[PDB]
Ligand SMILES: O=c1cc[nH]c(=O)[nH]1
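Heads up, the chain below is alone and in the form solved without ligand URA; it's given as structure tokens.
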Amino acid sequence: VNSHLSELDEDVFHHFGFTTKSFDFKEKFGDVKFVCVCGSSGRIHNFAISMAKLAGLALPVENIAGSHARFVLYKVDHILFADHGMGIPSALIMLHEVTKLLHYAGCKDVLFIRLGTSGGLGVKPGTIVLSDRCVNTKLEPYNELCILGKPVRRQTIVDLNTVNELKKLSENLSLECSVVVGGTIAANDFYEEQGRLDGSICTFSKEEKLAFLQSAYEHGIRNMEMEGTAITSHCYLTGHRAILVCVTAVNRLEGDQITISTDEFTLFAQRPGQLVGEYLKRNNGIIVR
């Protein structure tokens, strides 16, 4: 526990627009055992509603966050829902403020679930990838930080037991997609760091792009996104667990452009929740009314 927090009479969650004086955290959040996150406030809101209907609830799924807040926050039974924007720094803001919230509420050993979108490597678009490791662009299982101007690295740890439970569950469901277990690269850029040729700047050839991506695949990487190393390093360090459940929107061994229709992208992006929603129903995420 960050000992400095106890020196505060009131702790302001700036990016969620409330403070420790806004509610009684233990009463309001004490029963939380799952935190579902993704880059889109709209998608995670819709997922929250879907879980509320699964739980047989008939009550408004209200945003707990302030109206001018950067992030949204919903609660359905034992699950918190929040967005995290795009990129490690944005995700870290969510992680700091949400893990503090869990601390004030007395929640222990919570499972963070990132329901994301990603670029696939050697899998068909629309595939769900269950990350079994989260690595940087050098394929190292670490998140890098620069703290007080000094280099710091934090190891990434995926909850492999839950990953295997999810894979097994997928074998007993009727998903119209494949579910693959594999490694996941997190990058600080959508274009150049992910080896895309179609950014506004590109200093490499398709041959060099191919060598980079094929090497990743040969090391077991099956998708690529922008938050995984932050989520799977931070949670472990604050005493919680984390997994990534991300759908693929393109096969990067075939192209860079996201060419699938807006409707198909939206459909694809709901597939992680389709799997995880059933998982939550079977593991006390919701009360099955």
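The first residue of the shown sequence is 1; numbering continues from there.
Not pictured, yet referred to below: the form deposited with ligand URA bound.
Select from the listed residues 65, 32, 52, 250 the one whose heavy atoms reach within 4.5 Å of ligand URA in the entry with it bound.
Spelling it out, the residue with a heavy atom inside the cut-off is 250.
Heavy atom within 4.5 Å of ligand URA in the entry with it bound: which of 217, 104, 142, 190?
Exactly one residue meets the criterion: 190.
Examine residue 118 and determine whether its closest non-hydrogen atom to ligand URA in the entry with it bound is within 4.5 angstroms.
Flag for residue 118 set to yes.
Applying a 4.5 Å heavy atom distance criterion, does residue 196 contact ligand URA in the entry with it bound?
Contact with ligand URA, yes.
I'd like to know whether residue 226 contacts ligand URA in the entry with it bound, with contact meaning heavy atoms within 4.5 angstroms.
Yes.
Select, from the options 144-152, 176-184, 158-166, 118-126, the stretch whose residues sit within 4.5 angstroms of ligand URA in the entry with it bound by heavy atom distance.
Of the options given, it is 118-126.
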